[PDB]
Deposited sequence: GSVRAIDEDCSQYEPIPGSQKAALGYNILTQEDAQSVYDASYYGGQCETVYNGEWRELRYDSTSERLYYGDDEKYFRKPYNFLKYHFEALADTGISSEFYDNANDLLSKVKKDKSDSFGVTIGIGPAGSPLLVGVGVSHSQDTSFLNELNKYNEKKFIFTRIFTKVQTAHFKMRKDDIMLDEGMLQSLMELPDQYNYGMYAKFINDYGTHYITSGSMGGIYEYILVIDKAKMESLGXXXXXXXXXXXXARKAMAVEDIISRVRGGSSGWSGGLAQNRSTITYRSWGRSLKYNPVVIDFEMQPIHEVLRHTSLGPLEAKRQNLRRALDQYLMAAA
C-alpha cells in the first residue's frame, strides 16, 4: 500500500531485515560487509507492507519498505532437514551437509540469475564455522555417532531494485576517493570494507541447528533417538550425550525463535552480484572508469 503525502510515515517501523539486506557480502570469508544500498532511503514516499501476523507481537499491522526494496512480502515457509540419520564423524557430517545434501539442509548463495545456488551450511563466517566446529569436535573417544536436525524458516521474500539504486552515502564517498589509475591495494581495501558481492534478492528467515551425540555401544543395548528428539521440538537417560545447537535469527525472550524470527531475521537463500555491478547502471557518470579497476581488483582478489 502506498500512503500519500499527508499521512506521516514515521508511524511505520522499517521492514524487518532491511539493514541486513543492504550489507555487502564477502564470498571468500563468508562474512557480511558494510552497507552497499542505502537502507533508509525512502524516495520521498511512504510504501507500506502488511503483516498479517500482527496479533502475535493501521500502523501496528504495516511496516515501511525502503525504496531499494522493489518487493518484500511476508511468508511462513518451513524446511526441516532431519538428516539421513547415522554418521561416523562430526566433520564428515558438516562437510557432507554442504557438498552432499539438498537445499533444505542449509542456506544458499547464488551468483546472478541462472547461477546455480551453492549450499553454505548455516551461513555464518568461515571463522564462526571453525568455532562451532572446534568447540563441537571436543567430545568423542574415537569418532562414534552423530545425527542432525536442521530447520529453515522463511519469513519474507524480497527483491532489490536493479535500476536507479540509491547507494549507501559512505560507500559512494569511498568510491569517489579511489584513484582513477589502478592501484590494487586501494581497491582491495574497498573490497574488504564493502564486499565481494551485494544481494539482489532472497528470503528473510533463519535456521535452528541440532546435533545429537550418541554412544554406539549404548543404543546397541537399549535414527531412533533422532525420530524421538524431533518430537521434543515439534539430561536424563537415553544415551543423551548432549544435543548441541546453533541458531541464526530471532532473539531471546528457544522455540521463542519461531515466534520472534519474522521480526529479527537474517538473509538466507539469496542471490548476489559482484560488487562492481552495483555501479553499472544507477546514475553517477564520472565514476565509470573506476569500475574497470574495481572489476580488475575483484578478479585478482578472488584468485588468491
Counting from 1 along the deposited sequence, what's missing? 1, 59 to 70, 236, 249, 269 to 281, 333 to 334
